[PDB]
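Here is entry-v7.cif, consisting of mmCIF, C-alpha atoms and all ligand atoms:
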data_start
loop_
_atom_site.label_atom_id
_atom_site.label_comp_id
_atom_site.auth_asym_id
_atom_site.auth_seq_id
_atom_site.Cartn_x
_atom_site.Cartn_y
_atom_site.Cartn_z
CA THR H 1 0.00 0.00 0.00
CA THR H 2 0.86 3.71 -0.10
CA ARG H 3 -0.67 4.76 3.23
CA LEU H 4 1.26 5.89 6.28
CA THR H 5 1.03 3.75 9.39
CA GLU H 6 -1.99 4.26 11.64
CA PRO H 7 0.00 5.38 14.73
CA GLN H 8 2.13 7.64 12.53
CA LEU H 9 -1.01 9.13 11.01
CA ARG H 10 -2.63 9.69 14.41
CA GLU H 11 0.49 11.38 15.77
CA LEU H 12 0.75 13.56 12.65
CA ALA H 13 -2.91 14.56 12.99
CA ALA H 14 -2.42 15.42 16.67
CA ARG H 15 0.71 17.48 15.96
CA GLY H 16 -1.02 19.30 13.12
CA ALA H 17 -4.12 20.08 15.18
CA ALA H 18 -1.90 21.40 17.97
CA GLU H 19 0.36 23.42 15.66
CA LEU H 20 -2.37 24.90 13.43
CA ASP H 21 -4.62 26.13 16.25
CA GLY H 22 -6.22 29.24 14.79
CA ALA H 23 -4.52 29.29 11.38
CA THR H 24 -6.12 30.51 8.18
CA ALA H 25 -7.31 28.11 5.49
CA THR H 26 -4.21 28.78 3.39
CA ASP H 27 -1.92 27.94 6.32
CA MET H 28 -3.67 24.60 6.86
CA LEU H 29 -3.37 23.74 3.17
CA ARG H 30 0.29 24.80 3.19
CA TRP H 31 0.96 22.46 6.13
CA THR H 32 -0.92 19.63 4.40
CA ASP H 33 1.10 20.11 1.21
CA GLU H 34 4.39 20.34 3.11
CA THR H 35 3.60 17.13 4.99
CA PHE H 36 2.01 14.89 2.33
CA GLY H 37 3.47 16.39 -0.84
CA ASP H 38 6.00 13.95 -2.33
CA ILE H 39 7.29 10.37 -2.10
CA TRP H 40 2.09 17.13 -9.64
CA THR H 41 -0.57 14.41 -9.74
CA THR H 42 1.97 12.26 -7.84
CA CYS H 43 0.53 13.38 -4.51
CA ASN H 44 -0.23 11.85 -1.13
CA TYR H 45 -3.17 14.08 -0.12
CA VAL H 46 -6.44 14.66 -1.97
CA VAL H 47 -9.24 17.24 -1.89
CA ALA H 48 -12.96 16.46 -1.86
CA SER H 49 -15.71 18.71 -3.17
CA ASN H 50 -19.47 18.54 -3.72
CA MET H 51 -19.22 20.99 -6.68
CA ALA H 52 -21.42 23.54 -4.93
CA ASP H 53 -18.63 26.13 -5.40
CA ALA H 54 -14.90 26.33 -6.10
CA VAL H 55 -13.66 28.03 -2.92
CA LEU H 56 -11.66 25.15 -1.45
CA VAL H 57 -10.72 24.12 -4.99
CA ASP H 58 -9.35 27.60 -5.74
CA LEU H 59 -7.38 27.63 -2.47
CA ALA H 60 -5.93 24.14 -3.00
CA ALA H 61 -4.90 25.00 -6.55
CA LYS H 62 -3.29 28.24 -5.36
CA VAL H 63 -1.19 26.35 -2.80
CA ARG H 64 -0.56 23.34 -5.08
CA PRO H 65 -1.19 23.39 -8.84
CA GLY H 66 -2.40 20.15 -10.37
CA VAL H 67 -3.76 19.01 -7.00
CA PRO H 68 -6.14 16.01 -7.22
CA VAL H 69 -9.79 16.66 -6.37
CA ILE H 70 -12.32 13.84 -6.01
CA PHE H 71 -15.99 14.11 -7.00
CA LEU H 72 -18.48 11.43 -5.95
CA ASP H 73 -20.54 10.86 -9.12
CA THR H 74 -23.38 8.78 -7.70
CA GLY H 75 -25.27 8.82 -11.01
CA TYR H 76 -28.11 10.74 -9.31
CA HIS H 77 -26.55 14.19 -9.77
CA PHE H 78 -28.10 17.29 -11.26
CA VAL H 79 -26.99 18.19 -14.76
CA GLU H 80 -25.96 21.57 -13.32
CA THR H 81 -23.67 19.88 -10.78
CA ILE H 82 -21.94 17.87 -13.49
CA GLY H 83 -21.65 21.06 -15.55
CA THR H 84 -20.06 22.83 -12.58
CA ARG H 85 -17.66 19.89 -12.21
CA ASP H 86 -16.62 20.15 -15.86
CA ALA H 87 -16.26 23.94 -15.61
CA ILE H 88 -13.97 23.65 -12.59
CA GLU H 89 -11.90 20.96 -14.31
CA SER H 90 -11.49 23.11 -17.43
CA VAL H 91 -10.80 26.39 -15.59
CA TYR H 92 -8.74 25.54 -12.53
CA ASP H 93 -5.30 23.92 -12.44
CA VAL H 94 -6.71 20.81 -10.80
CA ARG H 95 -6.64 17.09 -11.62
CA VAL H 96 -10.28 16.04 -11.29
CA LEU H 97 -11.15 12.45 -10.39
CA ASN H 98 -14.60 11.03 -11.07
CA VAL H 99 -15.20 8.54 -8.26
CA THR H 100 -18.02 6.31 -9.49
CA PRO H 101 -19.63 3.24 -7.89
CA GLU H 102 -19.07 -0.11 -9.55
CA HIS H 103 -22.79 -0.41 -10.37
CA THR H 104 -24.75 2.06 -12.49
CA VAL H 105 -28.18 3.39 -11.54
CA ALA H 106 -29.86 0.88 -13.86
CA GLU H 107 -27.69 -1.96 -12.53
CA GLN H 108 -28.47 -1.15 -8.89
CA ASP H 109 -32.16 -0.77 -9.75
CA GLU H 110 -32.29 -4.20 -11.40
CA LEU H 111 -30.15 -5.92 -8.74
CA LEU H 112 -31.61 -4.39 -5.57
CA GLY H 113 -34.99 -2.95 -6.53
CA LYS H 114 -35.74 0.14 -8.59
CA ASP H 115 -35.05 3.47 -6.85
CA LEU H 116 -33.20 2.04 -3.86
CA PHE H 117 -32.77 5.59 -2.52
CA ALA H 118 -36.48 5.76 -1.69
CA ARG H 119 -36.75 2.26 -0.21
CA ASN H 120 -33.56 2.47 1.88
CA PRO H 121 -31.54 5.71 1.63
CA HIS H 122 -28.82 4.68 4.09
CA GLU H 123 -27.78 1.68 2.00
CA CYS H 124 -27.89 3.75 -1.19
CA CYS H 125 -25.59 6.34 0.38
CA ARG H 126 -23.32 3.57 1.68
CA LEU H 127 -23.11 1.86 -1.72
CA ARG H 128 -22.73 4.91 -3.96
CA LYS H 129 -20.86 7.38 -1.71
CA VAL H 130 -19.24 5.78 1.34
CA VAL H 131 -17.84 2.63 -0.27
CA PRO H 132 -16.43 4.33 -3.41
CA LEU H 133 -15.01 7.14 -1.29
CA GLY H 134 -13.27 4.61 0.94
CA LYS H 135 -11.94 2.60 -1.99
CA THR H 136 -10.50 5.82 -3.44
CA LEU H 137 -9.03 7.18 -0.19
CA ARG H 138 -7.16 3.90 0.35
CA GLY H 139 -3.79 5.20 -0.77
CA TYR H 140 -3.90 8.78 0.50
CA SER H 141 -2.62 9.65 3.98
CA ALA H 142 -4.76 12.80 4.33
CA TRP H 143 -7.80 14.37 2.70
CA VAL H 144 -9.19 17.92 2.72
CA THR H 145 -12.88 18.82 2.95
CA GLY H 146 -14.83 22.05 2.80
CA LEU H 147 -16.64 21.34 6.05
CA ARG H 148 -17.69 24.47 7.92
CA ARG H 149 -18.66 24.34 11.59
CA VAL H 150 -21.78 26.39 10.74
CA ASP H 151 -23.16 23.61 8.51
CA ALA H 152 -25.14 22.10 11.40
CA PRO H 153 -25.40 22.41 15.20
CA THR H 154 -23.93 18.92 15.41
CA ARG H 155 -20.92 20.14 13.40
CA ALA H 156 -20.17 23.00 15.80
CA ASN H 157 -16.99 21.37 17.15
CA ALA H 158 -15.59 20.28 13.78
CA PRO H 159 -11.79 20.11 14.27
CA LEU H 160 -9.21 21.74 12.05
CA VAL H 161 -7.13 18.54 11.92
CA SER H 162 -8.17 15.10 13.17
CA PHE H 163 -7.96 11.39 12.41
CA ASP H 164 -10.95 10.20 10.39
CA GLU H 165 -11.86 6.81 11.83
CA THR H 166 -14.30 5.91 9.04
CA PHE H 167 -11.51 5.78 6.44
CA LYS H 168 -8.58 5.74 8.90
CA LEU H 169 -6.56 8.74 7.69
CA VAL H 170 -5.98 12.44 8.37
CA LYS H 171 -8.90 14.86 7.87
CA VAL H 172 -8.29 18.62 7.66
CA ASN H 173 -11.09 21.23 7.42
CA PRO H 174 -9.69 24.63 6.37
CA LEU H 175 -13.12 26.24 6.02
CA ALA H 176 -14.25 25.11 9.48
CA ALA H 177 -13.98 28.55 11.07
CA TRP H 178 -15.50 30.20 7.99
CA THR H 179 -18.92 31.85 8.15
CA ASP H 180 -21.39 32.56 5.38
CA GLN H 181 -20.12 36.14 5.13
CA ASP H 182 -16.57 34.77 4.89
CA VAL H 183 -17.30 32.55 1.89
CA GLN H 184 -19.43 35.27 0.31
CA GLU H 185 -16.65 37.87 0.47
CA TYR H 186 -14.12 35.32 -0.79
CA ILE H 187 -16.25 34.42 -3.81
CA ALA H 188 -16.77 38.11 -4.51
CA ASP H 189 -13.08 39.00 -4.26
CA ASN H 190 -11.84 36.00 -6.29
CA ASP H 191 -14.60 35.48 -8.93
CA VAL H 192 -14.78 31.72 -8.34
CA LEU H 193 -17.37 29.53 -10.03
CA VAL H 194 -20.62 28.62 -8.27
CA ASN H 195 -23.17 25.91 -9.06
CA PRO H 196 -26.15 27.56 -10.83
CA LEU H 197 -28.59 25.73 -8.53
CA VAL H 198 -27.13 27.67 -5.60
CA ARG H 199 -28.17 30.85 -7.43
CA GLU H 200 -31.61 29.26 -7.97
CA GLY H 201 -32.49 29.11 -4.26
CA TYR H 202 -30.85 25.93 -2.99
CA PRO H 203 -29.26 25.76 0.48
CA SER H 204 -27.39 22.53 -0.21
CA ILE H 205 -26.64 20.56 -3.38
CA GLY H 206 -26.57 16.78 -3.39
CA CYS H 207 -28.17 13.97 -5.35
CA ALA H 208 -31.25 14.98 -7.32
CA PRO H 209 -33.74 12.60 -5.62
CA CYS H 210 -32.51 13.49 -2.10
CA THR H 211 -32.43 17.30 -2.30
CA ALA H 212 -35.10 19.46 -0.65
CA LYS H 213 -36.92 21.47 -3.30
CA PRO H 214 -37.45 25.10 -2.10
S1 LIG H 301 -28.25 11.09 -1.45
FE1 LIG H 301 -29.96 9.67 -1.99
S2 LIG H 301 -29.56 9.13 -4.18
FE2 LIG H 301 -27.62 10.04 -3.39
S3 LIG H 301 -26.41 8.25 -2.69
FE3 LIG H 301 -27.57 9.00 -0.87
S4 LIG H 301 -29.49 7.77 -0.87
FE4 LIG H 301 -28.56 7.52 -2.94
#
As structure tokens, the full file:
Amino acid sequence: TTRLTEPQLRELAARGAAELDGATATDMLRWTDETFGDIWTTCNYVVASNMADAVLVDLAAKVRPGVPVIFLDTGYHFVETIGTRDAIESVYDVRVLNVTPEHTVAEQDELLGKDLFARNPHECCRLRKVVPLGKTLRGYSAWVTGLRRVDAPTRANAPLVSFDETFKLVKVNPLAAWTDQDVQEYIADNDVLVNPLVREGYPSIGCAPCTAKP
């Protein structure tokens, strides 16, 4: 494998969380790149995005050109989300990776009942998001997400750096301390791309069947 050892990863996550207490998003990404950078697509840390905007993508490309960015194409996405994905891949200096489940929508419908998302959403999410994400992250020692502590009351204590137990690696959230005004001013000052559905009155953007219509 190409993963770092579990105790090594836990100690690195602890040292990073202690050392980056109160750092800006760029400082966290700089530390991540300095730690897991070598030994441009030949990288040891990856960035994850839901294609709702290109804030974290812009930052990661500014600190590391050609950085890999994973997108979980569950086959239930909006056409606008796939269009935003393509736009970010064409514009930004980023290596995009289309993480797809091994079974298509039609295949899963025929093998486990049509529209499995409506009959059991947890298993659909596990099959099309969690399992492919884990199979892809096997190989990377750390991964970066655009999680903000304001996303939910349960996310209020989201750490800057920690050890993700679900995939057993290092998880760093640069946008954790960011507020809505923060991301708004950043998008304004940097002219970064935004999913059209966000402009069309959508709080969050996920799979088409499991997104609350306004
Ligand atoms: S959000 Fe809905 S459609 Fe998308 S993977 Fe989860 S259960 Fe399936």
What is the distance between CA of residue 200 in chain H and CA of residue 57 in chain H, in Å to one decimal? 21.7 Å
Contacts of ligand LIG 301 (chain H), 8 Å or closer, all atoms listed in the file, given as a VMD selection string: chain H and resid 74 76 to 77 116 to 118 120 to 129 206 to 211
Each residue of range 6-78 of chain H with at least one atom at most 7 Å from range 100-112 of chain H should appear once, together with its nearest atom pair and the corresponding distance in Å (one decimal); atoms considered: only C-alpha atoms; ordering: chain, then increasing residue number; output as a tab-separated table.
residue	atom	partner	partner_atom	distance
H:72	CA	H:100	CA	6.2
H:73	CA	H:100	CA	5.2
H:74	CA	H:100	CA	6.2
H:75	CA	H:105	CA	6.2
Go ahead and save the residues from that selection, with C-alpha atoms, as a PDB file, in the frame of the given file.
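Output file again-v1.pdb follows:
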ATOM      1  CA  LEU H  72     -18.480  11.430  -5.950  1.00  0.00           C
ATOM      2  CA  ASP H  73     -20.540  10.860  -9.120  1.00  0.00           C
ATOM      3  CA  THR H  74     -23.380   8.780  -7.700  1.00  0.00           C
ATOM      4  CA  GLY H  75     -25.270   8.820 -11.010  1.00  0.00           C
TER       5      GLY H  75
END
List the spatial neighbours of residue 135 in chain H as a ChimeraX atom specification - criterion: any atom at most 10 Å away, all atoms listed in the file, same-chain residues fewer than 4 positions off excluded. /H:99,101,130-131,139,167
How close does range 103-192 of chain H get to range 9-14 of chain H? List, as a Markdown table, each residue of range 103-192 of chain H within 9 Å, its nearest atom pair and the distance in Å to one decimal, counting only C-alpha atoms.
| residue | atom | partner | partner_atom | distance |
| --- | --- | --- | --- | --- |
| H:141 | CA | H:9 | CA | 7.2 |
| H:142 | CA | H:9 | CA | 8.5 |
| H:161 | CA | H:13 | CA | 5.9 |
| H:162 | CA | H:13 | CA | 5.3 |
| H:163 | CA | H:10 | CA | 5.9 |
| H:168 | CA | H:9 | CA | 8.6 |
| H:169 | CA | H:9 | CA | 6.5 |
| H:170 | CA | H:13 | CA | 5.9 |
| H:171 | CA | H:13 | CA | 7.9 |
| H:172 | CA | H:13 | CA | 8.6 |
Of the listed residues H:164, H:173, H:196, H:8, that which approaches residue 79 in chain H most closely, counting all atoms listed in the file: H:196
Residue neighbourhood range 146-151 of chain H, 10 Å, all atoms listed in the file, exclusion window fewer than 2 positions, as a PyMOL selection string: chain H and resi 47-50+53-57+144+153-160+172-180+204
Show which residues sit within 9 Å of range 186-191 of chain H, as a count of residues only. Count all atoms listed in the file, and ignore same-chain residues fewer than 2 positions away. 10
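Rounded to one decimal, CA of residue 205 in chain H and CA of residue 84 in chain H lie 11.5 Å from each other.
Considering the residues H:78, H:40, H:92, H:45 and counting only C-alpha atoms, residue 2 in chain H has its shortest atom-to-atom contact with H:45.
The nearest approach to residue 192 in chain H among the residues H:68, H:23, H:52, H:165, with all atoms listed in the file taken into account, belongs to H:52.
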Please provide as a ChimeraX atom specification all residues within 9 Å of residue 60 in chain H, with the sequence filter that same-chain residues fewer than 4 positions apart are discarded (counting only C-alpha atoms). /H:26,29-30,47,55-56,64-65,67,94
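The coordinates place CA of residue 6 in chain H at 29.4 Å from CA of residue 62 in chain H.
Closest approach to residue 82 in chain H among H:39, H:113, H:51, H:197: H:51, based on only C-alpha atoms.
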Quick one: of H:63, H:70, H:88, H:18, who's nearest to residue 37 in chain H, counting only C-alpha atoms? H:63
Could you give me the axis-aligned bounding box of range 25-42 of chain H, with 4 Å of padding per side, as centre plus edge lengths in Å to one decimal, as JSON?
{"center_x": 0.0, "center_y": 19.6, "center_z": -1.4, "size_x": 22.6, "size_y": 26.4, "size_z": 24.6}
Taking the partial coordinates given, rebuild range 146-172 of chain H to contain N, CA and C atoms; return it as a PDB file, in the frame of the given file.
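Result written to out.pdb:
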ATOM      1  N   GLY H 146     -14.335  20.706   2.600  1.00  0.00           N
ATOM      2  CA  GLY H 146     -14.830  22.050   2.800  1.00  0.00           C
ATOM      3  C   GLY H 146     -15.870  22.144   3.896  1.00  0.00           C
ATOM      4  N   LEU H 147     -15.714  21.321   4.930  1.00  0.00           N
ATOM      5  CA  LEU H 147     -16.640  21.340   6.050  1.00  0.00           C
ATOM      6  C   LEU H 147     -16.498  22.628   6.842  1.00  0.00           C
ATOM      7  N   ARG H 148     -17.622  23.291   7.080  1.00  0.00           N
ATOM      8  CA  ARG H 148     -17.690  24.470   7.920  1.00  0.00           C
ATOM      9  C   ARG H 148     -18.460  24.128   9.184  1.00  0.00           C
ATOM     10  N   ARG H 149     -17.994  24.639  10.326  1.00  0.00           N
ATOM     11  CA  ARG H 149     -18.660  24.340  11.590  1.00  0.00           C
ATOM     12  C   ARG H 149     -20.079  24.897  11.641  1.00  0.00           C
ATOM     13  N   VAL H 150     -20.427  25.832  10.750  1.00  0.00           N
ATOM     14  CA  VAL H 150     -21.780  26.390  10.740  1.00  0.00           C
ATOM     15  C   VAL H 150     -22.756  25.540   9.941  1.00  0.00           C
ATOM     16  N   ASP H 151     -22.291  24.436   9.345  1.00  0.00           N
ATOM     17  CA  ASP H 151     -23.160  23.610   8.510  1.00  0.00           C
ATOM     18  C   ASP H 151     -24.318  23.016   9.300  1.00  0.00           C
ATOM     19  N   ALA H 152     -24.101  22.686  10.569  1.00  0.00           N
ATOM     20  CA  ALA H 152     -25.140  22.100  11.400  1.00  0.00           C
ATOM     21  C   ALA H 152     -24.764  22.310  12.861  1.00  0.00           C
ATOM     22  N   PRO H 153     -25.743  22.299  13.771  1.00  0.00           N
ATOM     23  CA  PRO H 153     -25.400  22.410  15.200  1.00  0.00           C
ATOM     24  C   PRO H 153     -24.570  21.242  15.685  1.00  0.00           C
ATOM     25  N   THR H 154     -24.723  20.080  15.053  1.00  0.00           N
ATOM     26  CA  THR H 154     -23.930  18.920  15.410  1.00  0.00           C
ATOM     27  C   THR H 154     -22.496  19.042  14.902  1.00  0.00           C
ATOM     28  N   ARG H 155     -22.244  19.937  13.952  1.00  0.00           N
ATOM     29  CA  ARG H 155     -20.920  20.140  13.400  1.00  0.00           C
ATOM     30  C   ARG H 155     -20.187  21.301  14.058  1.00  0.00           C
ATOM     31  N   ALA H 156     -20.684  21.769  15.205  1.00  0.00           N
ATOM     32  CA  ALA H 156     -20.170  23.000  15.800  1.00  0.00           C
ATOM     33  C   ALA H 156     -18.736  22.840  16.294  1.00  0.00           C
ATOM     34  N   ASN H 157     -18.331  21.624  16.657  1.00  0.00           N
ATOM     35  CA  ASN H 157     -16.990  21.370  17.150  1.00  0.00           C
ATOM     36  C   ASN H 157     -16.106  20.684  16.116  1.00  0.00           C
ATOM     37  N   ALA H 158     -16.375  20.901  14.834  1.00  0.00           N
ATOM     38  CA  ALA H 158     -15.590  20.280  13.780  1.00  0.00           C
ATOM     39  C   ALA H 158     -14.123  20.693  13.908  1.00  0.00           C
ATOM     40  N   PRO H 159     -13.198  19.749  14.043  1.00  0.00           N
ATOM     41  CA  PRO H 159     -11.790  20.110  14.270  1.00  0.00           C
ATOM     42  C   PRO H 159     -11.077  20.524  12.995  1.00  0.00           C
ATOM     43  N   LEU H 160     -10.040  21.343  13.180  1.00  0.00           N
ATOM     44  CA  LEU H 160      -9.210  21.740  12.050  1.00  0.00           C
ATOM     45  C   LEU H 160      -8.489  20.533  11.468  1.00  0.00           C
ATOM     46  N   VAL H 161      -7.814  19.760  12.319  1.00  0.00           N
ATOM     47  CA  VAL H 161      -7.130  18.540  11.920  1.00  0.00           C
ATOM     48  C   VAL H 161      -7.517  17.424  12.886  1.00  0.00           C
ATOM     49  N   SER H 162      -7.813  16.247  12.345  1.00  0.00           N
ATOM     50  CA  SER H 162      -8.170  15.100  13.170  1.00  0.00           C
ATOM     51  C   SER H 162      -7.850  13.831  12.397  1.00  0.00           C
ATOM     52  N   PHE H 163      -8.152  12.698  13.014  1.00  0.00           N
ATOM     53  CA  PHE H 163      -7.960  11.390  12.410  1.00  0.00           C
ATOM     54  C   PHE H 163      -9.339  10.812  12.097  1.00  0.00           C
ATOM     55  N   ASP H 164      -9.708  10.829  10.821  1.00  0.00           N
ATOM     56  CA  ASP H 164     -10.950  10.200  10.390  1.00  0.00           C
ATOM     57  C   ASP H 164     -10.881   8.704  10.628  1.00  0.00           C
ATOM     58  N   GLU H 165     -11.784   8.220  11.490  1.00  0.00           N
ATOM     59  CA  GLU H 165     -11.860   6.810  11.830  1.00  0.00           C
ATOM     60  C   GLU H 165     -12.609   6.003  10.775  1.00  0.00           C
ATOM     61  N   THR H 166     -13.531   6.637  10.048  1.00  0.00           N
ATOM     62  CA  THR H 166     -14.300   5.910   9.040  1.00  0.00           C
ATOM     63  C   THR H 166     -13.400   5.380   7.934  1.00  0.00           C
ATOM     64  N   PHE H 167     -12.458   6.195   7.468  1.00  0.00           N
ATOM     65  CA  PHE H 167     -11.510   5.780   6.440  1.00  0.00           C
ATOM     66  C   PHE H 167     -10.093   5.643   6.971  1.00  0.00           C
ATOM     67  N   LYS H 168      -9.872   5.942   8.250  1.00  0.00           N
ATOM     68  CA  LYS H 168      -8.580   5.740   8.900  1.00  0.00           C
ATOM     69  C   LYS H 168      -7.473   6.535   8.202  1.00  0.00           C
ATOM     70  N   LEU H 169      -7.600   7.861   8.243  1.00  0.00           N
ATOM     71  CA  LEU H 169      -6.560   8.740   7.690  1.00  0.00           C
ATOM     72  C   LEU H 169      -6.684  10.108   8.345  1.00  0.00           C
ATOM     73  N   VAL H 170      -5.987  11.101   7.802  1.00  0.00           N
ATOM     74  CA  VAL H 170      -5.980  12.440   8.370  1.00  0.00           C
ATOM     75  C   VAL H 170      -7.021  13.281   7.637  1.00  0.00           C
ATOM     76  N   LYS H 171      -7.836  14.013   8.398  1.00  0.00           N
ATOM     77  CA  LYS H 171      -8.900  14.860   7.870  1.00  0.00           C
ATOM     78  C   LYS H 171      -8.643  16.288   8.326  1.00  0.00           C
ATOM     79  N   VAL H 172      -8.557  17.214   7.373  1.00  0.00           N
ATOM     80  CA  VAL H 172      -8.290  18.620   7.660  1.00  0.00           C
ATOM     81  C   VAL H 172      -9.396  19.469   7.030  1.00  0.00           C
TER      82      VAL H 172
END
